[PDB]
Amino acid sequence: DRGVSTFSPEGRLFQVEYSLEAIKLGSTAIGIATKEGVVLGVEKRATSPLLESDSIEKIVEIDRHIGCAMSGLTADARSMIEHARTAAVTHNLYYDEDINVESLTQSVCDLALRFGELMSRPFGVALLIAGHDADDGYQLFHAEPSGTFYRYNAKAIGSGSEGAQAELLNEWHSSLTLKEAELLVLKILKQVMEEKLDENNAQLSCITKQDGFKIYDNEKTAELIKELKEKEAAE
Amino acid sequence: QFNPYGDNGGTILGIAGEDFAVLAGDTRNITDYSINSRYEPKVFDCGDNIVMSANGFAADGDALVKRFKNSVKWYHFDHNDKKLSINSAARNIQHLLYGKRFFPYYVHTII
Amino acid sequence: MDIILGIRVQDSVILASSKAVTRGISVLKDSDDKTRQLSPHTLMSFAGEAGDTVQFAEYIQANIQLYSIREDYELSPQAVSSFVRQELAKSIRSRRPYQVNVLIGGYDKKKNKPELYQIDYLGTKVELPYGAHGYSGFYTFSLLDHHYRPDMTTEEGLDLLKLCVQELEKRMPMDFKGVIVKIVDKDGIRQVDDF
Amino acid sequence: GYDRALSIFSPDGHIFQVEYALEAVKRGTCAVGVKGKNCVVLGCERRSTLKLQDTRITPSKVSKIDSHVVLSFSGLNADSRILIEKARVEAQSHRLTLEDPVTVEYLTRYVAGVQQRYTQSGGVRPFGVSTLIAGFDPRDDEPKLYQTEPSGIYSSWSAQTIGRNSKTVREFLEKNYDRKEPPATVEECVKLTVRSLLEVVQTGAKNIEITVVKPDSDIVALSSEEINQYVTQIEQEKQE
Amino acid sequence: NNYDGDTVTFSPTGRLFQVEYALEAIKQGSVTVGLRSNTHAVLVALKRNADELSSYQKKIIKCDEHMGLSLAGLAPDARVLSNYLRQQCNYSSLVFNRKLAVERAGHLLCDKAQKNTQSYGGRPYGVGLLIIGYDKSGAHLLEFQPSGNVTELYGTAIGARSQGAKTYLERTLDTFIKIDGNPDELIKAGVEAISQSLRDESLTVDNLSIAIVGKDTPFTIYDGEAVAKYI
Amino acid sequence: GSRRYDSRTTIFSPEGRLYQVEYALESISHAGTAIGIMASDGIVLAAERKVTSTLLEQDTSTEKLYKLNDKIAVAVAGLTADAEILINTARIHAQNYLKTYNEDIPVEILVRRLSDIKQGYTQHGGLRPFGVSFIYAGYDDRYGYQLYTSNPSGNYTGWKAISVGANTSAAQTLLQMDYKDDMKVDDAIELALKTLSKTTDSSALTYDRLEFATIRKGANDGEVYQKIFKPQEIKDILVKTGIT
Amino acid sequence: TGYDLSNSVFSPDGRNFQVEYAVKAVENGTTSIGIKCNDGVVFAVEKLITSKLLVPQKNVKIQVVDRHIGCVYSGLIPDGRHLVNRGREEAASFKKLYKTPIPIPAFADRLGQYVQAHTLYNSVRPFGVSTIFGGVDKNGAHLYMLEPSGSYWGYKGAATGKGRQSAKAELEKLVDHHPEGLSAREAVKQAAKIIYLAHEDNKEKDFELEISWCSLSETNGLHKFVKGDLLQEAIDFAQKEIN
Amino acid sequence: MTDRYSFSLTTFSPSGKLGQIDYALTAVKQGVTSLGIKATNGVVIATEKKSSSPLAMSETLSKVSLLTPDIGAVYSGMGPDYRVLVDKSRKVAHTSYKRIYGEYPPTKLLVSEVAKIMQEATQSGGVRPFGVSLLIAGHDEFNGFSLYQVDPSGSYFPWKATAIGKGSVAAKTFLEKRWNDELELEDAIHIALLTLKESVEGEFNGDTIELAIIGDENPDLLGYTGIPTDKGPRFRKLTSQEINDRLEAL
Amino acid sequence: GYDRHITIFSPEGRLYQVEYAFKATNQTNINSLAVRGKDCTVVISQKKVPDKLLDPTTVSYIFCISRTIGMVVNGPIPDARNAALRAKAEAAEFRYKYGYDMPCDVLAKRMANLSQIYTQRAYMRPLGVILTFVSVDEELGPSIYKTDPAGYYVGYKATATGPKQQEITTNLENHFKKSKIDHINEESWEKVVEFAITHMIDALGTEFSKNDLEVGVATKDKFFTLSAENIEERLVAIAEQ
Ligand SMILES: [Cl-]
Ligand SMILES: [Mg+2]
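Chains as they are written, first to last, in the entry's author numbering: chain D, 1 to 117, 125 to 242; chain L, 1 to 111; chain J, 1 to 195; chain C, 1 to 240; chain E, 3 to 233; chain B, 1 to 244; chain F, 2 to 244; chain A, 1 to 250; chain G, 2 to 242.
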């Protein structure tokens, strides 16, 4: 056939480029970083109404100060999360402190290119890693299966990403409040989702310095959806 | 039978002030009843405003200080030149020492 | 641990095991249950080196429970005892052997017979009408040799067991803080809460 | 050792070996799971192409992982045994170290983790198996039902089916299962499960297996006659 | 064509296509410049952003107090190779109490990249590196290719549109080599060099990345408002 | 490198089938027919040797029926050499169990073990599967007389009567027609031989083309006897049942 | 066909096409030569100046093995370095066990067996270099040349790279006109000329000359680079001959 | 390096054929004819010494080989494959039997061990099957005299008499007419020589024919006296002269 | 058609890679010959030095494996030296383990077994060489044993290898048909070398100078190669009768 670690004539790894196509098929995930916190939101996308949607876990805690959202082949993320959690905890054991968000992200991205003929293929999932540390404040990173990670003020991944990213381009500014960010994620998720957005097919979460990483209750999100509807009808 | 350990004598002293700290040590190095050196530095600046001394068996003392200095260097590489706080340095040194739990660094360390 | 006794009567097996746990100078506990249920109709008491006893017993328990789930079937007492003996016989030539002696009291539902197996830490297995480990036999066997009958009832077994414990309490230097007694029969395993 | 990457991405972002493993599941006999208010029922199809079978000794479709959790499957039978064995070992290991039996979610997460691992490990093909894992958490009376598939994704279901013609029985369940009021009794839950299989099975004879799991390790498999009484009552109500 | 399926296969004309494809990844990478005098050695790197919300990908990595490099191509490969350099610089200091010579560092990189071009299963590195350093024989600048070829130069550039900067340095050769004891003027020459590779975009405050090492100057990286002085 | 020559023996087809398993089953369909019939008072194993010669030493020959222990026997259909590898593993597994538990291995546990081995060759290792189907005839004190079959996929099932090898479709229909639950060994002996006589690709069924075995509690009192029939004994039972 | 897609496959001719393709990479490389003199050997190589930005005299190509052997090669430079690294390991282990420095014929076979080993399997690629190497041992001077196939012989003179035909012709003249032999200092001069003459095949870009030598009288049997006045003298001699 | 061929080179084709085994059998078919005949008091194995050149010393090439003192082997097919199988057969007779039971293996079990080795070359990674068929003749106390054939697949069958290789089909028909259960060893040798003459083109004598027997114990070939229970090997290779003597009574 | 790339069976039961390795054997275009005397074994081989830049002393296809065993190779030099190094290692190890010198026929069998492995194992290619081993064995006397890429080997009264082996073989066959003995009935090895060179001249139809030949001689307890001047003395004796 052909090598798993083969370069294309353009200078790209076939398998990495193909895994990026799998991520495009995944459900949408959005992150927005502010000076009051970072917000993470996801589309749940249940395949059937009999599927209990609260068992869909696409937003995950890595440590108290670091959260993570996923898009793509979500089964592939489990070992990545396991590693991230282990790295966060291990660093605390070795250094009696919280690990930097960037350092955690870098540790996760080191796994990415460990494939060949190690694992047999790249990961088919992209991660939005959000967190806070004392040195660089509130941060949002986009971790890819290429091993590359970019920091973002705001970022969308998954099937509705390019439409969402264009929307984030216009809406983000350096003075956004946490409440403004929450509504903004909900607004853009609603825009790109196939089904109508509610508290059962979408999920919100945030990371603040004071309270750490928190996944939002369905009741809490439902209020923010109602607040969104009213302010859009306000003009 | 071969004895991997020895005693190079020496005495060290650490005192913490309100907004300062001192780490002192004598400069004499010995074996048995002989003087090896009248000036062999024992307290070391390890960077990041941390001073260290590993008193007892000098070979283990030098090895440990060397490895800690190295750990400070790699802490900067791996964590965006972040300053290694004294509490973090202490926890790190515990792991260096316990790594050789069953063949110990025969030293009493103070930072 | 110290005293573990076993007696096989007409229709059941009775295991008696001391309650004391002594760590050198002090008695740290006086209500320790030195036994594990391997299967509904099989009980194993144990005594030997600290840590190794419980570690071994729970390891054996896990394995028998695994077999029970896989086959949907309870192994005979004889089969369980043979499994345990092999584990100990394997252990004795290991880097660090299990220093654990056990009694396995079971009721065979196929043959409708109680069975008592004595196995020491070397993997020395014997099926007996009554048995013990350590010094327990030295005090009690002369009483059991005299009074034991194969057609004894469970109540008569418990009475002969009381006489054995009384002799232990009289002539043994160590205070073993009494015994927990358990009965294994066709209906399973139950603890005698007053002894 | 054999290290060949069998599970790999294609230009359109698909892992075909994982997708073809699902096709093996599609071929397997239908399995269905329905949770009531205080029970879960696992129904399974038995293809009647094989008679002269010895039903005493032939491997049953529903397997106990522990005294409180069960696992049924659709797909390759030989593959399912490997997942069942691993799950049973992990169940005893959990009891040994945590001193508490596995939750149904934990056991599901483990089996799903094994399935995922086989989709990005060298020299191995994915399991041609999807599973329904049901039971009750220790000291808990809330029914649990989960599904896994070759890719390694898993999720909780009020009711679910897998295997051949599962599209049809899922259609039935989606219009017949009410979330606000699930089958309140064992009878109602078993009836709804037998009804869902009768959409697909053929003869209601030795083609339907039913296993009922209740709280506190209360698991029992219904016999031919007991199921036959459900089959009889369903069609007599249908003649109207 | 039929001979580009793996790195273990020569073509009929004696070419290694997988290596050549790895070389192609560098050309797609953002431009980075290297140049030196007799007292100092400078790296200038045009950082690339994904979009306006994103950060600008870092290009320069410190290997020791006296050595570091800039990258163009696959960034994870640069991390692997720079980590290896860090280790080799460190092994030299710990075992021999000796700062690793820049030329020896180049030899080590060459040999590490070579093993990936002759064995089955592996792949070549997909990144080009510019290594600067100040050792016992003064200032140095190296250019690393993932073919294994390492070259010592006065000045160079790699990445997209690097040819413009490379011609400028080839003209300015006699001027910038003489910029001794003046770090600011040597950086100016590097900033003017990398400007010959810009189209449509210009050097902004979060776009530009500069590094310097010299006689009494540890390897330091300048980003943000620290490079506004040179814009 | 080496990848070029790899057949990839452990992959799914687009339809979700295992190529090699399917092709191994095709191989087995050309092997001599083996039949197993379970009765209340014993089990019968009958099997057809493939187009033999007059110069073959039959009385010392064994290609179909093998003893795993005193309680369990197997009939083979497929590659004889592949079978013997598995048979020896099974014999060892039985003895391991006997040593561990001091009880004879239950029939299903042995069958599951061998079947799991076959399964492994379909999922990992990149090797070809074993081109063998077994009929297991055995007895234990839990389920009594048991018949199983296993095939290259590693899937196994229990049977009252079953065939493997050539003409299984025709053989299974004939067995399904004449089998009854209250049947006895002597009746099962006759059914097995009659079924082979009708499904055989040979002109006539003779003693030299057959291997025959019975597992009976026709062992004096509360025990089980295995009887691998001798050439003369197969000749006698052929006359008794009225086939020759 | 398909016999040339995989290393270690015999074609119907009985040829290993992958090795023959490796030769093409060698033929594409710069010119390198070797001259056996009276009490030693001389090595020289053409270094193409791709740009003015190359620092003169810095990118050294010739490599020393142990203290008495010199190695130069044409083709893929990294492959040559890999071979020399192995050569240095072979020489070290030989001296470790046997005390004496490795003899040149012994050293030649060590390289030869290693290169030949890379023609036995499809999991490795043949070496993309022809290596000219040699030095002085207890039995005197030796000059060798080693091909991608693993084939090597002893030589009076050797040449490889793009200008090998030109060089060979020049070397053949020296062999004919000096049956008694050539001095070490003469060989250095002649080496400079031959590289300058062989540079006609690479005439587009200008080049830098690099020479080394091992001689019993001139270097005490140790490998040394030709530097300063002696190098300039050889360059002048070479420039005079081309005009 | 490393053997990176960890996958099977013999696989099932759509029709259920194992190609490499079939092709190995084809190589056996091209091989020189060899045969075996079992008598009441012995076994005979024979083949043609097809000399590749008249300058070659065909006595140095042994087609018939002693495996144990009571077991002998002959082949048809690829000679080098046969040679290494004989080496492995001799060693396995010791490692897996004689070093355990203090006696040589019975014929059937040694055959079984050789068969296992040939089966593994049919399934293991990165190897082709052996391109030979073997005929193994032997005696042991409890099974008496026996003759076995072993094919590339690892399958083996016991024979009263048989032939393999070039002219096997014609030879087997010849053996069917002549063989009975009352043959003495000399009668079997006579039939072996008659059968082998049909498949031989050129010279037919003791120098071009290799023939060995499994028969009576040979105390003269033991090499030592003093142990009554040790009576010597039953395997004996016939000499060039011994063959020619029986070619006059042919 | 990957059955032609690796050592697996073709539908005809053939191994094409082995057959193609036999063809590589004649790539050097060199012919060799071996014969036995009463007390010795002689091997001769053509020597061709086509380049004037070559050191002719280093151009050789005859190897001294052990003190007693010599080996001439027909095939490319890399594979030749590969086989030479191994044979030397095998001969040394044999002596160490078993306490006596490795016989010529035993070494031939060992190298033949190694070659057989390359024809069965896929990852290893055959060596494109034919190996002719010679000695005066302490038990068997003068010995010639030859190995090829198929893993075949056999003892010889005399033998020839190369592009023109058939002409040399037939020439040798005719001589031994006359004499009716298995060797050259001659006391001294010098005359056996003269016989060998003479019959190669007759068979090939070419004349030889001292630099056109390469000669190896095995006697009791040592194998040695002749110098150009030793060969010259041999050629002079041939011309003088
Ligand atoms: Cl061997
Ligand atoms: Mg091969």
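Just so you know, even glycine gets a beta-carbon here, dropped at the ideal spot from N, CA and C.
Proximity of the beta carbon of G:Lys110 to ligand 1 is indicated: a heavy atom of the ligand is located closer than 8 angstroms. C:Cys44 sits in a strand when the DSSP states are folded into three classes. Short of 7 angstroms from the beta carbon of D:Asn207, and not among the five residues preceding or following it, lie these beta carbons of its own chain, in chain order: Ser53 and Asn225. Setting aside the 5 residues that flank it on each side, C:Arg109 is surrounded in the same chain by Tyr154, each with a C-beta closer than 8 angstroms to its C-beta; the list follows chain order. Within the region 125-158 of chain E, no residue has its Cβ closer than 7 angstroms to any Cβ of chain B. In the structure shown, the three-state DSSP call for C:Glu209 is strand.
The shortest CA-to-CA distance from L:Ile111 to any of L:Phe103, L:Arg91 and L:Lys100 is the one to L:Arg91. Between the region 117-136 of chain J and the region 62-76 of chain J, the count of C-beta pairs closer than 8 angstroms stays below three; the two stretches do not touch. DSSP lists J:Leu116 as the beta-bridge partner residues of J:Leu128.
In the DSSP assignment, D:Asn160 falls outside any alpha helix (DSSP H), carrying neither H nor E.
In terms of Cβ geometry, J:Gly105 and J:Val184 form a close pair [threshold 9 angstroms].
F:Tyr22 has a beta carbon lying at 9 angstroms or more from every beta carbon in chain A.
A:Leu35 sits close to A:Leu135, with the two beta carbons spaced by under 9 angstroms. L:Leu64 sits buried, since 16 or more C-beta atoms from the chains shown fall within 10 Å of its C-beta.
For G:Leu115, the enclosing alpha helix (DSSP H) begins and ends at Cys105 to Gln121. Taking 9 angstroms as the cut-off, the Cβ atoms of B:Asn69 and B:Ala94 count as close. One thing to note: F:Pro149 has its Cβ within 9 angstroms of the Cβ of F:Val116. Within chain F, the C-beta atoms nearer than 8 angstroms to that of E:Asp113 come from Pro79, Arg82, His83 and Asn86, in chain order.
If the five residues before and after E:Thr119 are omitted, its C-beta is found closer than 6 angstroms to the C-beta atoms of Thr9, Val21 and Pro126, all from its own chain and listed in chain order. Among the residues facing chain G, B:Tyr148 is not included, as its CB has no counterpart in that chain under 9 angstroms away.
Listed by position along chain A, the residues whose Cβ is nearer than 8 angstroms to that of F:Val125 are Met1. Taking 9 angstroms as the cut-off, the Cβ atoms of G:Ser116 and G:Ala92 do not count as close. The beta carbon of C:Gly163 is closer than 6 angstroms to those of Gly28, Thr29, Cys30, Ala31 and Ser74 in its chain, skipping five residues each way along the sequence.
For B:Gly1, the nearest CB of chain F lies under 9 angstroms from its own CB, placing it at the interface with that chain. Under the three-state reduction of DSSP output, C:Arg95 falls in the helix class.
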